[PDB]
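Peer 1: Quick check, what structure comes out for this input:
(one chain, ligands or ions: 3)
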Amino acid sequence: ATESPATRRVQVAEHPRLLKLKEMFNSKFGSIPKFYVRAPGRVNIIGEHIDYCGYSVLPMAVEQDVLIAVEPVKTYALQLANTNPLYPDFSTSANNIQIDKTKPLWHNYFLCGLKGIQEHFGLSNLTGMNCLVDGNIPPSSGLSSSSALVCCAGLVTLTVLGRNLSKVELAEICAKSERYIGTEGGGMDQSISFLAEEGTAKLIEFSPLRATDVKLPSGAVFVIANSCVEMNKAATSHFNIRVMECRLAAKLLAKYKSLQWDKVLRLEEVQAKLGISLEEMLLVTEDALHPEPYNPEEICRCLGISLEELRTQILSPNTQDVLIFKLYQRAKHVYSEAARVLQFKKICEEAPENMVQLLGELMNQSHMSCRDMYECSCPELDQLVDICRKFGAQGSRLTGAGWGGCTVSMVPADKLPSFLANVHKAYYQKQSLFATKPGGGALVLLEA
Ligand SMILES: Nc1ncnc2c1ncn2[C@@H]1O[C@H](COP(=O)(O)OP(=O)(O)NP(=O)(O)O)[C@@H](O)[C@H]1O
Ligand SMILES: CC(=O)N[C@@H]1[C@@H](O)[C@@H](O)[C@@H](CO)O[C@@H]1O
Ligand SMILES: [Mn+2]
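Peer 2: Numbering: from 1, shown residues only. Ligands and ions are numbered 1, 2, ... in the order given. See below for the structure:
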């Protein structure tokens with residue numbers, strides 16, 4: 001995988017979104033864009049909250065995305081604008097990139113992406129340009145609009161710079177740079193954005209970053225349903241809490257199994273080190289970790305550390321004062337979840353006479369797990385997932401981080417309309433509810 005992001009040559013006018021964008025850029029900057037860039041958002045089919053644990057996921061890119069009209073400038077001046085009034089213009093000319101985790105203002109996600117590229121190539125000077133941002137992904141809704149902006153911003157930067165990177169590399173870089181926002185997430189979102197391929201789903205693996213086509217089942221529609229509960233990951237610690245929780249769990253797991261925990265960072269590492277299977281890993285966990293919650297002193301104790309080292313050498317800023325750590329539950333979640341993913345696939349590769357039904361299950365399982373073990377669901381998500389089921393839903397589960405956001409659901413061909421209607425009907429009574437297909441990845445667009 002040395003292939004880079006593609007370059008579509010276009011006649012602007014044939015693309016309404018584009019020409020519009022072109023028109024407003026001009027209005028905003030007195031010039032026309034030199035080029036454009038898009039990076040889709042995505043739907044995680046299954047395998048939630050395990051990317052950061054080193055485990056493989058199965059998402060697919062959505063068609064919604066972030067489109068940026070770009071114009072390079074000779075100055076050290078970065079001017080960002082957004083077609084959406086909710087997103088104020090932003091400018092800077094500083095080589096020193098200042099990202100505020102205090103109020104993740106939209107523009108900061110753009111800076112993460114730009115900043116990562118600059119650093120990748122050891123650059124200090126700000127890359128001057130004018131950009132008009134245009135995203136159609138519902139914000140803070142589980143669809144990775146943050147990552148779309150991130151990746152898009154990165155691609156743009158690289159293009160302006162006129163340097164080259166593989167899609168992989170891009171994904172890898174944008175996975176790390178997004179953290180500048182304050183989130184300690186994995187790499188599923190960026191990887192799918194850069195690696196997506198139309199008409200197929202992907203099994204994204206990590207270390208090494210790899211993607212593998214996954215042919216979806218033949219008779220069901222994947223339907224995104226937005227709970228309508230907004231979750232801004234960067235605005236709230238829940239996420240990082242879970243990140244810590246697992247990290248801690250893994251360390252303790254290693255300790256127990258007598259490995260080198262000090263080096264351990266992720267849950268899968270433990271499974272790796274032991275040479276055991278997922279199922280076995282579940283038994284380990286069951287032995288190693290007590291259900292009742294762990295505490296900071298107890299933790300310290302177990303590891304032969306100091307609260308200060310905890311705090312210091314291990315904890316996160318936004319997790320320092322946590323009293324309660326649910327190591328057992330998070331691990332139970334993680335380990336099973338990886339197993340489902342590997343399963344779901346395998347199935348997909350077999351095509352059994354009861355495919356959906358099966359897969360459906362796998363999916364309900366993810367949900368409950370996330371719900372009960374990982375505790376990253378919500379009451380709203382909870383109902384939505386039922387109702388869905390209530391109408392045809394062969395598979396329903398929250399998607400993305402959770403705590404609001406969307407849900408994905410395998411509705412079989414024929415119930416769609418009802419689903420659609422009844423759901424619409426129940427929950428609701430295109431924007432919040434709609435069907436999906438495996439979209440393609442990030443691309444450069446040249447008016448040619
Ligand atoms: N069109 C857009 N323009 C500017 N900023 C955007 C746009 N779309 C998304 N964002 C930014 O991205 C933020 C949402 O980030 P985030 O919390 O990660 O939600 P998400 O990416 O949709 N879901 P998830 O996959 O679970 O991480 C918003 O608060 C905005 O700051
Ligand atoms: C950008 C970011 O942190 N992405 C993460 C992704 O890595 C994954 O953990 C997901 C839950 O499965 O929640 C987030 O959106
Ligand atoms: Mn996000």
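Peer 1: who in the stretch 51-200 of the chain is up against ligand 3?
Peer 2: By CB under 5 Å from the ion, the residues of the stretch 51-200 of the chain that approach ligand 3 are 144, 146. (C-beta placed from N, C-alpha, C; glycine too.)
Peer 1: Direction included, what does the lengthiest strand in the chain pair up with?
Peer 2: The longest strand of the chain (DSSP state E) is strand 58-72. Using DSSP bridges, the strands paired with strand 58-72 are strand 35-46 (antiparallel), strand 129-135 (antiparallel).
Peer 1: Show me where the stretch 301-448 of the chain has its helices.
Peer 2: 307-309, 327-350, 355-368, 379-390, 416-418 (DSSP state H, counting those that start in this stretch).
Peer 1: nearest to residue 148, of these?
Peer 2: Among the helices of the stretch 301-448 of the chain, helix 379-390 comes nearest to residue 148, with 21.5 Å by CB to CB.
Peer 1: any residue of the longest strand of the chain up close to ligand 2?
Peer 2: No - if you take CB under 6 Å from any ligand atom as the test, strand 58-72 misses ligand 2, and the best it gets is 8.5 Å.
Peer 1: what angle sits between that strand and helix 327-350?
Peer 2: Strand 58-72 and helix 327-350 meet at an angle of 90 degrees, taking axes from the mean of the first three to the mean of the last three CA atoms, to 10 degrees as the criterion.
Peer 1: list the contacts for the residue in the chain that ligand 3 sits nearest to?
Peer 2: With CB to the ion, the shortest gap between the chain and ligand 3 falls at residue 146, namely 3.3 Å. Residue 146 is in contact with 109, 140, 178, 181, 189, 233-234, counting by CB atoms under 8 Å, 6 or more residues apart in numbering.
Peer 1: out of the residues you listed, which are inside strands?
Peer 2: Among these, no member falls in strands (DSSP E).
Peer 1: top of those residues by neighbour count?
Peer 2: residue 189 (31 neighbours; other CB atoms under 10 Å).
Peer 1: Identify the residue nearest that one in space, chain neighbours excluded?
Peer 2: residue 147 (3.6 Å; CB to CB, 6 or more residues apart in numbering).
Peer 1: How about the helix or strand harbouring residue 117 and ligand 1, touching?
Peer 2: Element membership for residue 117 (DSSP states H and E) is helix 107-120. Yes - using CB under 6 Å from any ligand atom, helix 107-120 reaches ligand 1 at residue 109.
Peer 1: So which elements touch that helix?
Peer 2: strand 78-82, helix 145-161, helix 167-178 (3 or more CB pairs under 8 Å, 6 or more residues apart in numbering; DSSP states H and E).
Peer 1: repeat that with 10 Å
Peer 2: In terms of contacts (3 or more CB pairs under 10 Å, 6 or more residues apart in numbering; DSSP states H and E), helix 107-120 is packed against strand 58-72, strand 78-82, strand 90-92, strand 129-135, helix 145-161, helix 167-178.
Peer 1: list the buried ones in the last one?
Peer 2: Within helix 167-178, the residues scored as buried using 16 or more other CB atoms under 10 Å are 167-175, 177-178.
Peer 1: how about the residue nearest to the spatial centre of the chain, what does it touch?
Peer 2: By CA atoms, centre = their mean, the mean C-alpha position of the chain lies nearest to residue 189, the distance being 3.2 Å. The neighbours of residue 189, taking CB atoms under 10 Å, 6 or more residues apart in numbering as the test, are 41-42, 44, 51, 57, 59, 61, 143-148, 150-151, 171, 174-175, 178, 204, 400-401.
Peer 1: how close does it sit to ligand 1?
Peer 2: For residue 189, the distance to ligand 1 equals 6 Å [CB to the nearest ligand atom, to the nearest Å].
Peer 1: re the thing from before, and the helices of the stretch 301-448 of the chain: which comes nearest residue 219?
Peer 2: Here helix 355-368 is closest among those (CB to CB), at 6.6 Å.
Peer 1: and the spatially closest residue to residue 113 that is not a sequence neighbour, how many neighbours does it have?
Peer 2: Nearest residue to residue 113, sequence neighbours excluded (CB to CB, 6+ apart): residue 153, at 2.9 Å. By other CB under 10 Å, 29 other residues sit near residue 153.
Peer 1: Check residue 287 too.
Peer 2: Counted with other CB under 10 Å, residues neighbouring residue 287 total 11.
Peer 1: Same check on residue 154?
Peer 2: Neighbours of residue 154 under the rule other CB under 10 Å: 33.
Peer 1: Was I right to think it contacts residue 194?
Peer 2: Yes - using CB atoms under 10 Å, residue 154 is in contact with residue 194, at 8.9 Å.
Peer 1: overlap in contacts of the two?
Peer 2: With CB under 10 Å, 6+ apart, residue 154 and residue 194 have common neighbours 5, 39, 165, 170-171, 173-174, 442.
Peer 1: which SSE is the one residue in the chain that gets nearest to ligand 2 in?
Peer 2: Residue of the chain nearest ligand 2, by CB to the nearest ligand atom: residue 185 (1.9 Å). Using DSSP H and E, residue 185 sits within no helix or strand.
Peer 1: Give me the neighbour count for it.
Peer 2: Applying other CB under 10 Å, I find that residue 185 has 22 neighbouring residues.
Peer 1: Apart from its neighbours in sequence, what residue is nearest it?
Peer 2: In this structure, residue 185 finds its nearest non-sequential neighbour in residue 52, 5.8 Å apart by CB to CB, 6+ apart.
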